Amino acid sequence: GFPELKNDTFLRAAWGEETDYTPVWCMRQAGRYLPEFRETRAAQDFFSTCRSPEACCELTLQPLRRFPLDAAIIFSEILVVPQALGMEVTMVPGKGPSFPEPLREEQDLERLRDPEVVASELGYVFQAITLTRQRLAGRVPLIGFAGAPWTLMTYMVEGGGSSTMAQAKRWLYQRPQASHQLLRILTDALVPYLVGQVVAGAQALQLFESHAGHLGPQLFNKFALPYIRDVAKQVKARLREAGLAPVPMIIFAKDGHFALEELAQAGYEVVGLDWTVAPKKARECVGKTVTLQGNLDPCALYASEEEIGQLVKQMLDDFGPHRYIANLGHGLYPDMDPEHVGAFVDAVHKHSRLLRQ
């Protein structure tokens, strides 16, 4: 139903095969650092943008017109899942996401939709995925994505960003039962959503556990890890059952240094790394059979084009030329220079080829 893929380097590396060079992409490659992103986004409010296949497709394509990135990622939000479960969410400029009525007690779970119906509420995402895959015309693979259960829970309880997650963690300690219930609702919504993304055309999937860092090992193993594992097991199972090829799945646990061994056993092809983990230490944690993605400090792009090249060279030396996809350790920041993102991409390609030959 879709054009044949021309550059599959990203997929080959995700599965752990050898390639001629290291593939690269950037979290938030479609983002506010691009003037053209801001121009397209000035037309609608944020979630209206998410609900327009043409707008999502356009924002996805923009970075690919500037840089020879080895993957695209669909424009959407992780917060579409809580929204489709029935929570109201806003993204007013200057303030970040807010839920005006967060979940604060167990009884608040009653407001949520049955998780089995979330996928049908998210048809607009699938339309954006199909459109973008057709428009990409096989240039590079298209990544779909969602938030991990714990991270989604933090937003639902905290009502937005938090430096401590004190309310969400209070749920874990004081309301463990109701927490597991919410986390299971989330998992059961995520699975059919992620499956649907692949049915619509996604060629890989990333699960963002952006708030792993707040947990620590004991809480992470009890409350985050089981649902991370269940997402992967279930998504692969449903795809096989529907006659489709399962896709490479990436787990990105920001500030998750402490969980790398477990994440390596959690049924994901790729483990994404923040910039605080030394590549060689990550490699000792995860072993020889998963692919690593990352992990340059996004702020390194504030440095000169030449220094970026040298930092990239050092990073590639540490990861080595096997089982590795280059990216930053988090997303691009809004004040970053597009030319420096350009330099990061060119340096990965240049030094990875030098490192092989």
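From 1 onward, residues are counted along the sequence shown.
The mean C-alpha temperature factor is higher for 281 to 289 when 281 to 289 and 253 to 261 are set side by side. Stretches 103 to 111 and 127 to 135 differ in mean CA B factor, with 103 to 111 having the higher one. Each of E58, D45, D297, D70 has a CA temperature factor in the record; the biggest one is found at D45. Comparing the C-alpha B-factors of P93, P248, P192, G201 in the entry, the top value falls on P93. The entry lists a Cα temperature factor for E209 that places it in the lowest third of the chain's modelled residues. Among all modelled residues in this chain, the alpha-carbon of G31 has a temperature factor (C-alpha) in the middle third.
Annotation for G320: CA B-factor lies in the highest third of the chain's modelled residues.
When all modelled residues of the chain are sorted by CA temperature factor, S120 is found within the highest third. The entry lists a Cα temperature factor for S163 that places it in the highest third of the chain's modelled residues.
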